[PDB]
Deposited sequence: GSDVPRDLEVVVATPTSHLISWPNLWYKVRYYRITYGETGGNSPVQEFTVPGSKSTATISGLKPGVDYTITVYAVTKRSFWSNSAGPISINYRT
């Protein structure tokens, strides 16, 4: 809904969190008999490039915001997208 994957793969998301430190991005095959892979992006950026993968298999890119503790910590949650 808010996460976009513009081909050439470039992931982009709006900052919906209070006092973001950094992000944690996970990616692997939707379903899939592997664990997701995990890399970190500075607080200041809200894009990331994903290279590798495979065409034809579905992917789930999830964005996690690591943030200062606040009144909104308790209710926060990731953004995700599915593409191929």
Self-check item: Ranges of the deposited sequence (numbered from 1) for which no C-alpha atom is modelled
Solution: 1-8, 17, 94
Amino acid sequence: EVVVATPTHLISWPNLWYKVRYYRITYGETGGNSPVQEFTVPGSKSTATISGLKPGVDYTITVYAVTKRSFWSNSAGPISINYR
From here on, numbers count along this sequence of modelled residues.
Exercise. Name the higher of the two by mean Cα B-factor in the PDB entry, 56-64 versus 19-27.
Key: 56-64
Quiz prompt | Stretch with the greater mean C-alpha B-factor as recorded in the entry, comparing 33-41 against 47-55 | solution = 47-55
Quiz item: C-alpha B factor of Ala76, ranked within the chain: lowest, middle or highest third?
Solution: lowest
